[PDB]
Structures are given as structure tokens and as C-alpha cells.
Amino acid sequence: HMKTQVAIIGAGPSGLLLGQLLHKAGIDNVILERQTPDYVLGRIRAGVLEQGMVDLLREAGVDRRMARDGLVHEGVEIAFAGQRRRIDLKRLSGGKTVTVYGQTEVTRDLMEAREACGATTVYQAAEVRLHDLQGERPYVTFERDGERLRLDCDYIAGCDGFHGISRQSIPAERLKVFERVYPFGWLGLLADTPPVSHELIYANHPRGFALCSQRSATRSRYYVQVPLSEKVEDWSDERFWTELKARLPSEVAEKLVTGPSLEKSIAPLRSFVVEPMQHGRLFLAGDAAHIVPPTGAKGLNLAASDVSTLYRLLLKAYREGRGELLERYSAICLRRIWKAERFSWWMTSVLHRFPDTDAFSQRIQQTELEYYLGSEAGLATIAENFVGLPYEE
């Protein structure tokens, strides 16, 4: 059998960041990933990092490229009802910012650091199964070139995202699920074009939501809301750019640099929370435990807060012999998760066009934007949520 201290299922950002923090702390860990390295690196996903995530990447020793290439944002724009309003995040949050740096780059940075350090990752780990979670000697089985291997461990971190095995390794009756599926998705287009703005632009347009985001001075990420029936094959680059422009202020659409896509995909929008987030020696983190609609840019940032919490409780278990504190993992994480889920639901509700909206709902949506963007107190609630609420001790 292989033997480690912490088995990690998934080499996405949750599992890589947990693994790097544990490795540097001298806690033995093994990542098992079903896909190949290139497959994982193909996923586009996050653009917007909270300071908590930036700081955890620095703590993991992986922040050199982010420090050169990351973009610090002090504000964000909401466009609605023919108005353009800047939220001064840095003023209204009491001096906090967010950092733009692609999830593909964070993942690459972690993968290069894990390889450099000589820590253990098994890619193409097929048919992962989890065993004996309520014992002192849990273990993982998997297949590698069709040979069945066993990994003995003390603890398992389920970092295997929404359709991982880890959440399905807990008896359903021990969990409560809280879910909302939104009646639209985001059509996303990544292009090697200069961004149309130095800051993000969220647009609530009568034709539907649009977002102007970015990865660098030379790479942009745009989205438009589409119905759930839509197929990415029916959206040429040309059709995408024409619809995006239709949804933006004419002075923004006029200056937009267009170009052929590097990636196009439709992402469903979902809110999902499980409670609790652990079972015996198994702890769930990131998308294995919870999903947010991307309007709030919180999923990778909540994976970061889960991993930080699990990392600090594991430090207590191994360095101080205080393994009983791991009982608190779910309660700590879920306080932060629910407030980020609330903010993500609010952003989704106020910025999108919903089918079968009545006249009162339309006016309430517009009034929500008018009040929140016209009040110092309202603007402060958006800013503190956008930069992220503090990590709990």
C-alpha cells in the first residue's frame, strides 16, 4: 500500500493549494486526480481573487508570477437603466481590493510548485473509492493503468468538485442539500484582446446580462446570459460580439477590441450548499461542498477559505495533537459560505433578466440597483461583499 498523512482527491485549485500548504508545513500528502494535467489546465473558470486567496497563494509559496502578472482592481462598474455607476471598492471597503489573475494561471503555478517540491500527485487515478471513514485507518483505492492500488492515510480531503466521489462517499441521510438552479447560463468568450475597461463592467440590459472582464492587459473574458436551451455551436465569435455590443453602453461598445476566441463555453448558474461538510476522517472543500452562481466571483475564493480552515485545523491535529478541533471545520466554513452564497444570489437576482417576470419584479430589480448604488450604506454593503468578508479565527 501507499501511505500518507492526508489523501487529497482532486488536483484542481482546492487540492493543489491544500497539498502545497501541507507539504510546506511538513504534513505528508498525496493528490489523486482522475484527469491528466493538460485536461485540468484546459479549464478557464475564475478571474477574480479576494485578498484572502492572494495571501494563501503567498503562504503556499506560489505567488511570484501572480505578483508580476496579477492586476489589482480598486473599483467595478454596474451599468443599468441607461446609467453607468462605479463602485469605489477601495474607498467603500475601508481600503481592500481584488486581484485579477486567471484560475488557469493559479493552477499552473501550483502544479509547477508541487512538481518542483517533489510532492506526490497521481494523475489518471481511475475509480477512486473511499473506505473506513469512521475509523482510525481510512484508505483510498484507485486504478492506475488498470492495476488497483491502495493509499492508507489518517484524513481525506474531498477536493474533487461538484461531481466528485467524495460527497457521494457520505450516506445521504447524514447530509442536507440546499440548491437553486437559475433559468439561464453564461456564454463566455476568452480572447487575446485588450480589455475594454481597466475595471469590470457588469451590465443589466433589457436583452439580458453581460459582463466585461479580463485576464491581463492583452487578454479579455466576456459573458452574456443565454437561455438554458442554448448550444455553444450556434454562437459564432461574430454572433457573440454583436450581442455583447447590443448589451453595453454605446461608448463602451464603440471602443471594444474584438478578436477570435481562445475558448467559448456555456456555464450553468447554480447555488448549492451541503451541511455538514465532513463525515468521520473525510472533509469536503470547494466545489465538492458548495457551488455559487458566478455573478459574485466567490467559488474559487470560498475554496480558498475552506482550504485555509482545513489546513489550520490539520496543523493543530498534527503539530499540537488537537485532532478534536477538526470537529469545528463545517461550522466555521459554513458561516462564510452562507454569506458568500447570499451575496452571489443577490448579484444574480439584480443583474439578470428572468423569464416570466411581472411588472412589480422588474421595478423592484431596478429600484434595488438605484438604492444600493445611490446610498453610501448600500454601496458599502456591495463593496465589503465584493472584496470578501473577513476570514474567521
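Start at 1 with the first residue shown and count on from there.
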item	value
81-89 versus 217-225 - greater average Cα B-factor per the deposited record	81-89
Segment of higher mean CA temperature factor, 295-303 or 131-139	131-139
Highest recorded Cα temperature factor - choice among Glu179, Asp287, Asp109, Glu233	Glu233
Out of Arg270, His279, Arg167, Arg322, residue topping the C-alpha B-factor column of the entry	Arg322
Third of the chain, ranked by Cα B-factor, where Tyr202 sits	lowest
Position of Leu16 among the chain's modelled residues by C-alpha B-factor, lowest, middle or highest third	middle
Third of chain Cα B-factors occupied by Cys117	highest
Third assignment of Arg64 from its chain's C-alpha B-factors	highest
Among modelled residues of the same chain, the CA temperature factor third for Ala25	highest
